[PDB]
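Peer 1: I would like to see how this sequence folds:
(4 chains, ligands or ions: 10)
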Amino acid sequence: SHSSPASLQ
Amino acid sequence: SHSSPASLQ
Amino acid sequence: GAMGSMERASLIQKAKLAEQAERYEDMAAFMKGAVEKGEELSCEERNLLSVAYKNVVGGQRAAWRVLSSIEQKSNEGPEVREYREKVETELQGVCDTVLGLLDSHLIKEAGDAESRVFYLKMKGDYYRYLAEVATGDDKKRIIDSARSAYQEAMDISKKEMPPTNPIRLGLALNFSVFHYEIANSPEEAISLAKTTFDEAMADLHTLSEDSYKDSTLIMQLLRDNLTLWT
Amino acid sequence: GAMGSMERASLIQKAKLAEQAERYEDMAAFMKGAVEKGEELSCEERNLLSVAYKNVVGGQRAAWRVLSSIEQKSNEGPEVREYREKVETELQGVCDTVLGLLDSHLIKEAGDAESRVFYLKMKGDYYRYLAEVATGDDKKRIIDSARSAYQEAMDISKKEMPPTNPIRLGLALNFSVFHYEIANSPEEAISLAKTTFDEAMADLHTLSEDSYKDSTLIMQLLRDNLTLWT
Ligand SMILES: Cc1cccc(C)c1N(C(=O)CN)C(C)C
Ligand SMILES: Cc1cccc(C)c1N(C(=O)CN)C(C)C
Ligand SMILES: [Cl-]
Ligand SMILES: [Cl-]
Ligand SMILES: [Mg+2]
Ligand SMILES: [Mg+2]
Ligand SMILES: [Mg+2]
Ligand SMILES: [Mg+2]
Ligand SMILES: [Mg+2]
Ligand SMILES: [Mg+2]
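Peer 2: Numbering: from 1, shown residues only, chains lettered A, B, ... in the order given. Ligands and ions are numbered 1, 2, ... in the order given. See below for the structure:
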């Protein structure tokens, strides 16, 4: 499964 | 420039 | 720590250089040093902290999975188990380090929704990484620590952030992955991803082109998971 | 060393596991431990040693180049120089470690052409990596150490190995790169690559299909360089 990028605006 | 692979036969 | 003598601003500058150089262990050590100066982190600095440790633990997770797979095949000398244990222990140490930074004292000083949700999501994430390798007496307690952190973050994000907020979206994405991969709750995972996606879709019209690009990037990850899961 | 208590065979087994896991720092530490047992290395073990350290130093070289480029632009605070120096010092330490293993006592115990040429080539390689970052009082002496090691390896390889031997070819390839990139001798580089390629081409007819695949792979690298250089 895909999880979130580290960098989030 | 390309150099040699590490593994050589 | 070995970074105690370096200026905060220099540590941040070097974290950015390390990122450019793809030196993520260095990047993490620099950002740990910056956190330990005791001042709150800006949005950009929180992202640097997350990028650094996500890349470090990501390499350890990939290695652990390779070795675990070899080990499970071998069970269809002690060296495979020993080396898997070595990587596992190093991974656990990185997760413990991040969790320690969040507990001392990033979370308690984070009052704004963006910072508090970002850090609580991180706490869920690194308990989730611990859960991936856990196997006895404490796997259940690690899972519930991840769940508790994610849940507090979700509650704040739903009250304080719009449905397209990238932090809110990335949180929901990772909590849905927690449900599917860790908590044996694929239906909860699917429901959360669906509701999150649809509520974000209905709020896109409020966004600038640049915000729309940020939000839709994470929405596509939700969709990719739903496609994998259904 | 920290590997002194582990069996030689276990160190080799774990080096192979580390390679599968893309844990090249671990792989290098395991192979350093194996070397330090004091027994000569087999062909497969020499290749593991080379793979491990080539990957470690390769990451450091890529990082050093990123940082050096940033530093040179900044010269068109001290942090960029400091961090470039940090990576540079770590790189030099890895090269010194490899050179120390070759000197204590891999080279002196290597009597067969394949082992002796492999190790002398490695000695040239890691002096070449030192040369890439050297800048004063010792750059010339480092360059001549690389040249001397490569030259001894070349002399043995031409007397004792066929022109298609992959070790001989990889040696000639790297010595030609030394000439072009380090010694400011592009014509020597081109001449060596051309003669090496043509002499190997004329010997391919003696090879099995599998040997032909090994040799032609390195010949293509010689050709790629000639295409870049002319
Ligand atoms: C807005 C959006 C969010 C998540 C995924 C996608 C592909 C989209 N788009 C759609 O039109 C979905 N109906 C755009 C980008 C074309
Ligand atoms: C044998 C060889 C060595 C180095 C590069 C190449 C492309 C080749 N070949 C040639 O025929 C070159 N004339 C084969 C593989 C087709
Ligand atoms: Cl181990
Ligand atoms: Cl530094
Ligand atoms: Mg200060
Ligand atoms: Mg364990
Ligand atoms: Mg159902
Ligand atoms: Mg023994
Ligand atoms: Mg220096
Ligand atoms: Mg000319």
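
Peer 1: ok and the residue in chain A nearest ligand 1?
Peer 2: For chain A, the residue closest to ligand 1 is residue A:2, as judged by C-beta to the nearest ligand atom, at 13.1 Å. For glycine as for every other residue, the C-beta is placed from the backbone atoms N, C-alpha and C.

Peer 1: Helix, strand, or coil at that residue?
Peer 2: Put simply, residue A:2 is coil when judged by DSSP: H, G, I helix; E, B strand; the rest coil.

Peer 1: Please report how far it lies from residue D:47.
Peer 2: Using C-beta to C-beta, to the nearest Å, we find residue A:2 at a distance of 36 Å from residue D:47.

Peer 1: Okay, helices next: where are they in chain C?
Peer 2: Residue ranges of the helices in chain C, as given by DSSP state H, are C:8-20, C:24-35, C:43-74, C:79-101, C:107-109, C:113-133, C:139-160, C:166-177, C:186-201, C:209-229.

Peer 1: coming back round to it: contacts only, for the residue lying closest to the residue of chain A closest to ligand 1 once chain neighbours are set aside.
Peer 2: Excluding its sequence neighbours, the residue lying closest to residue A:2 (C-beta to C-beta, 6 or more residues apart in numbering or on different chains) is residue C:221, at 4.5 Å. Residues in contact with residue C:221 (C-beta atoms under 8 Å, 6 or more residues apart in numbering or on different chains) are A:2, A:3, A:4, C:173.

Peer 1: Next, count neighbours for residue 7.
Peer 2: Just going to use chain A. 16 (other C-beta atoms under 10 Å in any protein chain shown).

Peer 1: My question was about chain C, not that one.
Peer 2: Residue C:7 has 15 neighbours, counted by other C-beta under 10 Å.

Peer 1: how close does it get to residue C:210?
Peer 2: From residue C:7 over to residue C:210 (counting by C-beta to C-beta), the distance is 32 Å.

Peer 1: Just list the residues touching the residue in chain A that chain C sits nearest to, thanks.
Peer 2: Across chain A, the shortest distance to chain C (C-beta to the nearest C-beta) belongs to residue A:4, at 3.3 Å. If a contact means C-beta under 8 Å, 6+ apart, then residue A:4 has C:121, C:169, C:170, C:171, C:173, C:174, C:218, C:221 as its contacts.

Peer 1: how about a cut-off of 7 Å?
Peer 2: Counting by C-beta atoms under 7 Å, 6 or more residues apart in numbering or on different chains, residue A:4 makes contact with C:170, C:173, C:174, C:218.

Peer 1: Then residue C:186?
Peer 2: Taking C-beta under 7 Å, 6+ apart as the test, what residue C:186 contacts is C:180, C:229.

Peer 1: Ranking by neighbours, what's the top pick from the contacts of residue C:221?
Peer 2: Most surrounded of these: other C-beta under 10 Å gives residue C:173, at 26 neighbours.

Peer 1: Quickly note the distance from the closest residue to it other than its chain neighbours to ligand 4.
Peer 2: Using C-beta to C-beta, 6+ apart and skipping residues adjacent in sequence, the residue nearest residue C:173 is residue A:4, 4.9 Å away. With distances taken as C-beta to the ion, to the nearest Å, residue A:4 is found 30 Å from ligand 4.

Peer 1: Would you list the phi and psi of residue A:4?
Peer 2: phi -70, psi 140 (degrees, to the nearest 10).

Peer 1: I figured the residue of chain A closest to ligand 1 was touching residue C:225, is that so?
Peer 2: Yes. Under the criterion of C-beta atoms under 7 Å, residue A:2 makes contact with residue C:225 at 5.6 Å.

Peer 1: for whichever residue of chain A sits closest to ligand 3, phi and psi?
Peer 2: Proximity of chain A to ligand 3 (C-beta to the ion) peaks at residue A:3, 28.3 Å away. Backbone torsions of residue A:3, given as degrees, to the nearest 10, read phi -110, psi 180.

Peer 1: can I assume it is in contact with residue C:176?
Peer 2: No. Taking contacts as C-beta under 7 Å, residue A:3 lies outside contact range of residue C:176: 9.1 Å.

Peer 1: if I pick the residue of chain A closest to ligand 3, what's in contact with it?
Peer 2: Taking C-beta under 7 Å, 6+ apart as the test, what residue A:3 contacts is C:173, C:174, C:177.

Peer 1: run the last query once more with 8 Å
Peer 2: Contacts of residue A:3 (C-beta under 8 Å, 6+ apart): C:125, C:173, C:174, C:177, C:221.

Peer 1: what's the most distant pair in those?
Peer 2: The most widely separated members of the contacts of residue A:3, counting by C-beta to C-beta, are C:125 and C:221 (14.5 Å).

Peer 1: Which residue of chain C lies farthest from its centroid?
Peer 2: Within chain C, the residue lying farthest from the chain centre (C-alpha atoms, centre = their mean) is residue C:77, at 35.1 Å.
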